[PDB]
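Consider the single chain below, provided in structure tokens and representing the form deposited without the named molecule.
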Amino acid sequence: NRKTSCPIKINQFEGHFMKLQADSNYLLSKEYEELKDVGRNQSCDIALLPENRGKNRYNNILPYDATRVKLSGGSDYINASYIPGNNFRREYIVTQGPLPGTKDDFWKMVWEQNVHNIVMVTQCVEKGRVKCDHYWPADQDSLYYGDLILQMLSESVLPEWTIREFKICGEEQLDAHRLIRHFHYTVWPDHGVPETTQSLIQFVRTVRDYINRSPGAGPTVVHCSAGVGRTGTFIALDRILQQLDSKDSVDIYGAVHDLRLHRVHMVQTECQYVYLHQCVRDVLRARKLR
């Protein structure tokens, strides 16, 4: 029944988005609402098993069975979902903020899934509430995490994000040792989206640049506290900005639709949906004049 895609010619985008926003977002809200049930036929039965409650930060925010990431061994559960790319599977892994009791699991998944890049879009504490464990080392002294050894090589604080590099080694499969880059966006507001489009556009472009210069990146891990709206907004913006560099139409609706198929709450508020439109708007406004 419902639309899976709403492509807009770039030359029409400014007017499209104005029309969507007219009459207090009348049409924007109607469009957003058409996405409401996408993916929602899918079960999370494994995530709900009695063994796994402690492994979920939030008991009501769970991976679908069909797209969950599995750990090797006798207890395969982690709160994490695969997101396919346009050209190949497993472009992204979306996950929750690791718990003290799941941080070893997190690094095991990183190792086993050949991940080279992690994007974190939450602070560890927000508004007095714990949102994520500090699941990486506090300094440059090496530490075991389960069967893995980790050592932080650098930690670089920038105005709106912090970039860390780690050495990691686990049981040898496709590699025997690895460098991990971690991109920590530190300024997402406590309720609402970033104040500027520029900030997240530049964060997404920076991460994408680092990924693209890797000889082999693996899936990119993206997490907030729950692996929900902020993470989905990040990934959607990555897709949308690449679209603007390749095609003469942009499909924000489709980008969000595609994410919702694979995990609950991928772009979770109308405000995030609006923000994605504002980002596209602003890029196109600039380009029109250059």
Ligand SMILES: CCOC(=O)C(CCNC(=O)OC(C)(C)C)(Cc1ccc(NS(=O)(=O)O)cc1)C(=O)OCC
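By rigid core we mean the largest C-alpha set that fits within 1.5 Å across both forms. We number the residues from 1 along the sequence you see.
Keep in mind that the form deposited with the named molecule bound is missing from the display, and what follows is about it.
Screening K131, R208, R164, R90 for any heavy atom within 4.5 Å of the named molecule in the entry with it bound leaves a single hit, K131. Contact with the named molecule in the entry with it bound, defined as a heavy atom within 4.5 Å, holds for exactly one of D147, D139, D190, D76, namely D190. This chain is displayed without the named molecule, yet in the entry with it bound the stretch 190-198 from 208-216, 164-172, 190-198, 79-87 comes within 4.5 Å of it by heavy atoms. Mapping the unseen interface onto this chain, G229 counts among the residues with a heavy atom inside 4.5 Å of the named molecule in the entry with it bound.
A residue is said to contact a partner when one of its heavy atoms sits within 4.5 Å of a partner heavy atom; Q268 meets this definition for the named molecule in the entry with it bound. By the criterion of a heavy atom within 4.5 Å, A236 is excluded from the residues contacting the named molecule in the entry with it bound. For the chain shown alone, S225 is a contact residue for the named molecule in the entry with it bound, at least one non-hydrogen atom being within 4.5 angstroms. For the set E91, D133, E155, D175, a Cα shift of at least 2 angstroms between the shown form and the other one, after rigid core superposition, holds for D175 and for no other residue.
In the entry with it bound, the CA atoms of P137 and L174 draw together by 3 angstroms or more relative to this form. Whereas the displayed form keeps them at a certain spacing, the CA atoms of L174 and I149 lie at least 3 angstroms closer in the entry with it bound.
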